[PDB]
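Following: one structure in structure tokens, then a few remarks.
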Amino acid sequence: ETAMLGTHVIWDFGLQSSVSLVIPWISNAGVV
Amino acid sequence: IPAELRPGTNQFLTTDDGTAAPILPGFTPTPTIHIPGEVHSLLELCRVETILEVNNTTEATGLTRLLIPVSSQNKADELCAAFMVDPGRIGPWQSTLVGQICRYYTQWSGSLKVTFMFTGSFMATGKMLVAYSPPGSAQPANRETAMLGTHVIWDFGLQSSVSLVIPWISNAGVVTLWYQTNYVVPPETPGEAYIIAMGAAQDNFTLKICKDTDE
Amino acid sequence: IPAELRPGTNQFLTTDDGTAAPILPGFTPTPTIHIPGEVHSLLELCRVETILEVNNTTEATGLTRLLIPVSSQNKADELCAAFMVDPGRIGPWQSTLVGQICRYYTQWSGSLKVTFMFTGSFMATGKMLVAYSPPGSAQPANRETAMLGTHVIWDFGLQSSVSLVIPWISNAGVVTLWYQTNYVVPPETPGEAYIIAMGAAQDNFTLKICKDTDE
Amino acid sequence: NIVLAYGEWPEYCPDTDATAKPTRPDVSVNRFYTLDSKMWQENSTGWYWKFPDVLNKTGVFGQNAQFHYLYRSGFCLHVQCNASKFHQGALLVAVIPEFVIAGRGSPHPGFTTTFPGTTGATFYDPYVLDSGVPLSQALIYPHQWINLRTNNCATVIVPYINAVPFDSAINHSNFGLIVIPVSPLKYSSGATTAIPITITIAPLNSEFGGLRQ
Amino acid sequence: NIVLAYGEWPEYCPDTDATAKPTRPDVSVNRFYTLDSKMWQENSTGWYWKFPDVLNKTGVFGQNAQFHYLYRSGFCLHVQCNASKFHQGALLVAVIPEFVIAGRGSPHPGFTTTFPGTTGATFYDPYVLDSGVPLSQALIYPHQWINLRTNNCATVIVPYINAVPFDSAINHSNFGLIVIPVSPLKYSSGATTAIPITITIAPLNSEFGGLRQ
Amino acid sequence: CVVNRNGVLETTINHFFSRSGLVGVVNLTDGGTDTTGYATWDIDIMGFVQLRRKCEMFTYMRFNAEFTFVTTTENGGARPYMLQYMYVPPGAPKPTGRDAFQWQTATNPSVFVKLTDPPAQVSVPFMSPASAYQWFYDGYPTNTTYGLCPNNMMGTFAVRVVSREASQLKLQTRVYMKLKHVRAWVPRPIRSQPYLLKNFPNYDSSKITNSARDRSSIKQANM
Amino acid sequence: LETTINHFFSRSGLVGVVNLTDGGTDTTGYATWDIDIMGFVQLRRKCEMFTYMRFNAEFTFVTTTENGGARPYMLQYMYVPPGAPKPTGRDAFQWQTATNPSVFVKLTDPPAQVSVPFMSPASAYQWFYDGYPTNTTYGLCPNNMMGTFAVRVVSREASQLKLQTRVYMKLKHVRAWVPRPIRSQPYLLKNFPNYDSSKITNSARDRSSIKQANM
């Protein structure tokens, strides 16, 4: 529920077989 | 000025159009707002399709009386279900919307329609025959004598729901449900399913003299 | 001509619009002259600011209950006064004009304003915080949590009177009065002063169903 | 600056009957009448003056209002107190039409209590205005605050307010001028104890009809 | 495709009094709120969710509806269940305005029975909707069938339906979302027993007025 | 909870004095020699403290008045007896007996309505020599003479049963006054102190009742 | 024309019966009646087909004695608007408050008819409220109050009547917004939807088998 309030993507299996998520601006941390 | 009092002066006759004295003059009510809905007449309530208790037997006891059972142990031509078309008498049409607003409204006359839908697996395949007899005749004893009427060959693979229009009931007409082809399943698929029946009135359905309901 | 008497003939129903027979025909009253004043409605009486008994404690006994005391022994952030905004309930708004013409008139809804003015010496200097809380919340326990609302930083040197507008009460909202800076006086000047609170309704204040007062 | 009572700028009588006729006196009566200065102290409690009682038996207005049985006039009231920058307090200067002194103790008031003269009397209970009517709502009347850190003068211009356009100036008193300290007077030790309050009255549009003796 | 509740496309408040004023929040609150997935079994009996109770104390909508005493919003409801081609059954997904839980046994229901929260409660008697009112006629409400051989998703767009254009989002719950299996779930031995039902809520035109603390 | 605005037709000066309420009750008790057989009632609106507190919010008022007389017997059973509701205008003498000559003066407009009829309604115009009724007069008509204005007289009614030989009724007249075409000029604050007399503003200064009920401290808003 | 929403609620029926029983000291002498339409289960089942309703109401009071012989006694039918106190006795001061519009009609007259406007703070009457006014507090809406009547005989010295008032309500200008299904379960309480789940009565009467249309 506290991960649903962020930048989530509801990815299912029947419709799509592959999904992609764009991480904005890392630098030399962000957990997916 | 001269005036004469005709018979019927001091009576309180209900269903009258005489106005009454306002008890709070100068009172302004709260102004109305836009609320969705706005039922203008009860005639647009009896054309909403509602579920129909066809399986109104003794041992049903719950939500299992909205459902017409279809099995795979039944052979061809074996009469899945049958019920009269009487929106206002005692039977399946007592749980529907068109049949409960006409326990008021003494007379009624109009067209109806009955919608079936099938609740089996996606892999299952079969057929059904949906025949309507006129209100002069009884229900057919064979499938062949029901085929000679107003049948609809409804299958399961192509369509999942069919509808049949009943022309001009009045205050009876029996619609039946026959097995045309037995219920065919692949392996590892359950062999029992259900049909739920629906029903409403058409646009030319009207009502007449008011009456209190019998609960 | 024929006529029929509907129900409700011989009743004396108060709040009626039926005319009565004049008892002195041909009588001409004294012609009216121009008198100043001419109240056309009671709604222009409840927008005149009148004094508000905020200091309605037990030991007040006289004109010393119109006045909110401000002293110089009080430090900063110590809650000079607090009172609800209820024009029609029991409290400070029972001595005002807007709160006594609505012990009639069962319902009311509109905007108000509360005007303070300071009655100290010309040499004195300080500040006050005038915060209004919405009617869902209680009164603030700190000055910092009252600063995050609808505050007005009112000082004494620049302005001698400030006003705060309360939006849309209905039949509650608490307005408080905090010390922002302590009361600063030069030598040979008294250290106690007073604030008198005022209050009236705005232009969009309306009233509804009549009722006799409870004295 | 000035408070105008009910927004009128008082005028003469329009086209009334039984006057063709009444005399309109010149600035010999419309001068500035300055009454005495009342000393406002810590334990003071208010004052009131009845109009036109304060200008009877005083000057040209006294010789006209006592020898005429019709009367109509409007006034200009100027109340001013002289305080330093070390005193503090507030005065409520209002104009109450038909101001009736009640009488106290469960007992009618005397003549000098309701018609005080030039030396206007003092309140006994200023919280109820000596008429059972609270000071809290006394801002309906044309009023002006004299707060000693903001201003000192208050000017109210009052027209003729009556149901009859001509009455007698001796029996009937049209309005009253109250001056009540809502907030008391405080001062540090060494300052002047009593602060005077002087009042100046100028009649605007006085009329008199029917002469005696 | 979509069911539109009473044919409205919900909008903002037109020209109402006591608002000049209310805040119109951006897509920080109008995102897609995905609740938990309820497992639908053979002996399952239905569920119901109260609105806007399911989005109180949840995200930005929880911090706005708890600190505001006016509220007006419309929703978009998306119920979807993930089943294979070997399962079968039907769901009735309706939207009941002013859905009042009755109470049973000849005895008023508790707080968690009528205001269940995010985890919406289950029916005891789905045949009478737990309100003495039959499921047979429950197709008056804006509804959509989820038949597992035809479709999987059902989309209902609900406007704001109330006699007062602004109420509190904590005390009053405007409507309820029922999901009742009319036909039970059957499967051959070896398949997955529980089938999940996930719900996505997106507020359309939320308004809030008057801020606390 | 309330979001909209109410009506401004109900706050006006004519609707605030609109409805008709009870303003006076008299009793006849006809029968015999020791009883009178008539009952007069001076018209005044300052009889009950609910209409008195509303009309002393203003100084000058100008209105018409229409009256309605609801008469019952002592028990209620109304047999048809003919009544007389006279009207003595200000400046005319009141009756002195049930058979006096003031009942036959043609300048007193009387109303002959039986007991079984609907109540006798009649209307009275503006009856003052001035152009407005004064309820606060700061003057003398030339101790007990201060603040009396004789320009507020309206009249009496003098209810009487029309008969010849002393019917034994015991009646009770209730008078209902409706105020029409009301005009009020200068306002004044509503009275806080309780009333002591009927014609005077006396207020019993030995106990000054307060205009706001007390609370514990000035710093708590809960009252 | 007969199926519309205004003709379905058109006619006036009985909605409440009260009794006075005047006479003596142990008896009261007055009888109040709270205005509600959910008293009889025939108007309750019709009005709970909808959620929001907006209507006027006109009333007619048919009073007879215990036997029927009506001698002329003068009555008083008052009206206490919502927010005003009810009377406490037959000689209390609430009978002389001018803001309660009363009607003075004898027993021998035709019945006293009077009309009551829309008296709600909202813009529609709610018969189903899913909330709390802040166990027994759930589902109570105070926006449905309309008033009382408080029948009383006008006399002085305690007439010995025993009356019986019958109140007939006519619904005028009816507007109903959102519909809902008609109740099948019998009623248990007056203000609550409780239905006694230990016996669920069915909405269709039983038959022998599903394959026979004869019922």
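Please note: Cβ atoms are built from the backbone with ideal geometry, for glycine as well, and neighbour counts cover all protein chains shown. Each value in this text was obtained by applying a stated rule to the coordinates, not by laboratory testing.
Sticking with the crude label model, points 7 Å out along Cα→Cβ, report the distance from D:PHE67 to C:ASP155 in nm, one decimal please.
Modelled inter-label distance: 6.3 nm.
Compare the Cα positions of D:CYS13, D:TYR33, D:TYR69 along the charge dipole of chain D (+1 at Cβ of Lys, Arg; -1 at Cβ of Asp, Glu; about the Cα centre) and return the one farthest towards the positive end.
About the Cα centre, the residue reaching furthest to the positive side is D:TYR33.
Suppose only helical runs count, i.e. DSSP H with n ≥ 4. What mean residue ellipticity at 222 nm does that imply for chain F under -39500 (n - 2.57) per run, divided by all residues and rounded to the nearest 500 deg cm²/dmol? Before the final figure, lay out the partial values.
Values: 1 runs with 7 residues, N = 223.
So the helix-based figure for chain F works out to -1000 deg cm²/dmol.
By counting other Cβ atoms within 10 Å of each Cβ, how are G:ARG205, G:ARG180, D:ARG212 ranked from fewest to most? Don't skip to the end; give the middle numbers.
Numbers: G:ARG205 11, G:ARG180 21, D:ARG212 7.
Ascending number of Cβ neighbours within 10 Å: D:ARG212, G:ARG205, G:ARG180.
What distance in nm separates the simple spin-label points at E:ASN1 and C:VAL184, each placed 7 Å from Cα in the Cβ direction?
6.9
In Å and whole numbers, how far do the C-alpha atoms of the stretch B:126-215 stretch along each principal axis, longest first?
If we take the Cα atoms of the stretch B:126-215, the spans are 58, 30, 24 Å.
So which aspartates and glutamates pass the test for F:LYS207, namely a Cα distance under 14 Å, with those fewer than 8 places away in the same chain ruled out?
D:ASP125, D:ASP130
Too long at a 25 Å Cα-Cα cut-off: which of B:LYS113/G:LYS170; C:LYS208/F:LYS180; C:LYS127/F:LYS219; B:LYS208/G:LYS170; B:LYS127/G:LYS211? Can you show the working numbers first?
Working: B:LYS113/G:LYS170 37 Å; C:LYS208/F:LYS180 21 Å; C:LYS127/F:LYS219 18 Å; B:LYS208/G:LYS170 21 Å; B:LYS127/G:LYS211 18 Å.
B:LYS113/G:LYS170, as the Cα separations exceed 25 Å there.
Counting helices only, and only those DSSP H runs with n ≥ 4, report the 222 nm mean residue ellipticity of chain B as the sum of -39,500 (n - 2.57) divided by its residues, in deg cm²/dmol to the nearest 500. Before the final figure, lay out the partial values.
Working: 1 runs with 4 residues, N = 215.
Result for chain B, helices only: -500 deg cm²/dmol.
May I ask you to list the residues of the stretch E:56-77 whose amide nitrogen lies under 18 Å from a point 7 Å from Cα along the Cα→beta-carbon direction of E:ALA20?
Residues passing the 18 Å test: E:70-72.
Throw me the Rg/Rh for chain F, computed over C-alpha atoms with Kirkwood Rh, two decimals.
Working: Rg = 21.9 Å, Rh = 20.7 Å.
Here the Rg-to-Rh quotient is 1.06.
Over all alpha-carbon pairs of the stretch E:76-156, lay out the pair-distance distribution in 5 Å bins, whole %, shortest bin first.
Using 5 Å bins, I get a P(r) of 3, 12, 20, 21, 21, 13, 7, 3, 1 for the stretch E:76-156.
Under the Kirkwood approximation applied to all pairs of distinct alpha-carbon atoms, what is the hydrodynamic radius of the stretch B:1-110 in Å?
Working: mean 1/r = 0.0491 Å⁻¹.
For the stretch B:1-110, inverting the mean 1/r across all distinct Cα pairs yields 20.4 Å.
Say a label goes 7 Å from Cα toward Cβ at E:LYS85 in every copy; what distances in nm does this one have to the rest, shortest first?
9.7
Rg(Cα) of chain D divided by 2.2 N^0.38 Å? Each step should come with its number before you reach the end.
Details: Rg = 18.1 Å, N = 213, 2.2 N^0.38 = 16.9 Å.
Relative to the 2.2 N^0.38 Å estimate, chain D comes out at 1.07.
Semi-axes of the equivalent ellipsoid for the stretch B:98-160, please: Cα gyration tensor eigenvalues, times 5, square-rooted, ordered largest first, whole Å.
Working: eigenvalues 164, 76, 14 Å².
Taking √(5λ) for each Cα gyration eigenvalue gives 29, 20, 8 Å.
Dipole of the protein assembly as shown (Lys/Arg Cβ +1, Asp/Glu Cβ -1, origin at the Cα centre): which of F:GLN50, B:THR106, D:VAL54 lies farthest to the positive side?
F:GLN50
Cα atoms only, the stretch F:1-77: Rg and Dmax in Å?
Both quantities, over Cα of the stretch F:1-77: 19.1, 68 Å.
Just grab the label-to-label distance for G:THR28 and C:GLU4, each label 7 Å out from Cα along the Cβ direction, in nm (one decimal).
3.7
Just going by the charge dipole of chain F, with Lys and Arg at +1 and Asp and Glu at -1 on Cβ, which of F:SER217, F:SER205, F:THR107 is farthest out on the positive end?
Of the options given, the answer is F:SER217.
If you place +1 on the Cβ of every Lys and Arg, -1 on the Cβ of every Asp and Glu, and leave all else neutral, what size is the dipole of chain B about its Cα centre, to the nearest 20 Debye? Write out the running numbers ahead of the final one.
Working: 11 positive and 19 negative charges, 56 e Å.
The calculated dipole for chain B is roughly 260 debye.
Taking E:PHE111 in one copy and the same position in all the others, each labelled 7 Å out along Cα→Cβ, what are the pairwise distances from the first, in nm, shortest first?
7.6
Net charge within 13 Å of C:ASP214 by Cβ-Cβ distance, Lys/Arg positive one each and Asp/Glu negative one each, not counting C:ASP214 itself?
On the way: positive: C:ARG89, C:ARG103, C:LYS211, F:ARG53, F:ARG213; negative: C:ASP212, C:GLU215.
That works out to +3.
Relative to the compact globular guide of 2.2 N^0.38 Å, what is the alpha carbon radius of gyration of the stretch B:64-144, as a ratio?
Details: Rg = 15.5 Å, N = 81, 2.2 N^0.38 = 11.7 Å.
Output field value: 1.33.
Along each of the three principal axes of the Cα atoms of chain B, give the extent in whole Å, ordering the values from largest to smallest.
That works out to 94, 43, 32 Å along the principal axes.
Taking a quarter of the surface of the convex hull around the Cα atoms of the stretch E:4-63, what do you get in nm²? Numbers along the way, then the final one.
Working: hull surface 27.9 nm².
That works out to 7.0 nm², a quarter of the Cα hull's surface.
Quick check: Cα centre of the stretch D:170-213 to Cα centre of the stretch B:19-76, how many Å?
Answer, in whole Å: 79.
Charges only on Cβ, +1 for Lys and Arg, -1 for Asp and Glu: so what's the dipole of chain F about the Cα centre, in debye to the nearest 20? Let's see the in-between values first.
Numbers: 24 positive and 14 negative charges, 169 e Å.
Dipole magnitude for chain F comes out near 820 debye.
For the protein assembly as shown, what is the charge dipole size about the Cα centre, in debye to the nearest 20, if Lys and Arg each add +1 at the Cβ and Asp and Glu each add -1 at the Cβ?
On the way: 93 positive and 94 negative charges, 173 e Å.
Roughly 840 debye for the protein assembly as shown.
Rounded to the nearest 0.05, what FRET efficiency do F:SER217 and F:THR145 give with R0 = 60 Å and r taken as the Cβ-Cβ distance? Could you check? All intermediate terms of the calculation are to be shown ahead of the outcome.
On the way: r = 49 Å, r/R0 = 0.82.
After rounding to 0.05, the efficiency reads 0.75.
Based on alpha-carbon positions alone, could you give the equivalent ellipsoid semi-axes of the protein assembly as shown from the gyration tensor, as √(5λ), descending, whole Å? Mind dumping the intermediate values first?
Numbers: eigenvalues 1084, 422, 98 Å².
Semi-axes from the Cα gyration tensor: 74, 46, 22 Å.
Once the label point is placed 7 Å from Cα along Cβ, list for D:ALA20 the distances to the corresponding points in the other copies, in nm, shortest first.
For D:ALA20, the other copies' label points sit at 6.2 nm, shortest first.
Between the stretch D:93-155 and the stretch E:117-143, what's the alpha-carbon centroid distance in Å?
If you average the Cα positions of each part, the centres end up 71 Å apart.
Expressed as a whole number of Å, what is the distance separating the alpha-carbon centroids of the stretch C:120-192 and the stretch G:4-70?
Between the Cα centre of the stretch G:4-70 and that of the stretch C:120-192, the gap is 56 Å.
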